[PDB]
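Observations on the three-dimensional arrangement
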Amino acid sequence: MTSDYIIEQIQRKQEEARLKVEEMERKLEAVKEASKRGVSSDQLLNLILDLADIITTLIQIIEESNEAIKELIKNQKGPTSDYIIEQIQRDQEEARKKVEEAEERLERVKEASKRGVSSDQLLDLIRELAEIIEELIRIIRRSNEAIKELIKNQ
């Protein structure tokens, strides 16, 4: 491809999206790592906030990823294929579906915490919640890669 303004605009968001993922990943790994040990109830509260940060951050990324497609096609000169653009959107569409589950259990556990539900139940939701995010991020990571292949082959 020939260098152009729009290329670098896409490039930075890939770095910015990657940037956040790499930092907050420490939360994801830290939360699981804490789960193995079996931290007591008092400490458990910390985990909920840690997961909340991850989900909230990802939502912003999903919003940005949607915009990335929009910016790419407006400034693209040449025959852009519909299938690749659509393919990425479907991955985001799946991300939209799954994230609802992540938010749902995020709310459930918090709602459970207020009532005063036993420690073991709260922990079960955390580790289970962590697994769902792992499924969520797979969609995001590959879509991030999808852009890399497309832009280079121009």
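Residues numbered from 1 in each chain as written, not as in the entry; some residues may be left out. Heavy atoms only, no water.

- In the PDB archive, solution NMR is given as the structure determination method for this entry.

1. A closer look at the environment of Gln76
- Here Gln76 lies in the loop between α2 (41-74) and α3 (82-115).
- With 31 residues separating them in the primary sequence, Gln76 and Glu107 have C-alpha atoms 41 Å apart.
- Separated by 3.4 Å, the side chains of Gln76 and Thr80 make a polar contact. (Helix = DSSP H or I, 4+ residues; strand = E, 2+ residues; numbered from the N terminus. Polar contact = N/O pair within 3.5 Å; in protein donor to acceptor, adjacent residues only side chain to side chain.)

2. Side note on the side chain of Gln14
- Mapped onto the elements of the fold, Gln14 is located in helix α1 (residues 5-37).
- Relative accessible area serves as the criterion here: at 14%, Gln14 is assigned to the buried category.
- If sequence neighbours within four positions are ignored, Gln14 has contacts with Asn144 and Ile147. (Buried < 20%, exposed > 50% of the residue type's maximum accessible area, 1.4 Å probe, protein only. Contact = heavy atoms within 4.5 Å.)

3. Looking at the environment of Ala68
- Tracing the chain through its elements places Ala68 in helix α2.
- Considered as a pair, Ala68 and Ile147 are 79 residues apart in the sequence and their alpha carbons are 9.3 Å apart.

4. Describing the packing of α3 against helix α4 (residues 119-152)
- Put simply, α3 and α4 touch, their axes get as near as 9 Å, and they point 160 degrees apart. As the angle between them shows, α3 and α4 are arranged roughly antiparallel. Like other packed secondary-structure pairs, α3 and α4 cross with a definite hand, here left-handed.
- Taken together, the residues that form the contact of α3 with α4 break down as 21 nonpolar, three polar and eight charged. (Axes fitted to C-alpha atoms, helices over the stretch in contact; angles between N-to-C directions. Parallel < 35°, antiparallel > 145°, perpendicular 65-115°, else oblique. Left-handed = near helix turned anticlockwise from the far one by under 90°. Nonpolar A, V, L, I, M, F, W, Y, C, P; charged D, E, K, R; others polar.)

5. Some thoughts on the packing of α1 against α4
- Direction vectors running N to C along α1 and α4 enclose 160 degrees, while the axes themselves pass 11 Å from each other. The angle between α1 and α4 places the two elements in the roughly antiparallel class. For α1 against α4, the interelement crossing comes out left-handed. The residues of α4 that touch α1, namely those facing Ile7, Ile10, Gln14, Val21, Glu25, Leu28, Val31, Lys32 and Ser35, are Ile126, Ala130, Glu134, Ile137, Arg141, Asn144, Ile147 and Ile151.
- Taken together, the residues that form the contact of α1 with α4 break down as ten nonpolar, three polar and four charged.

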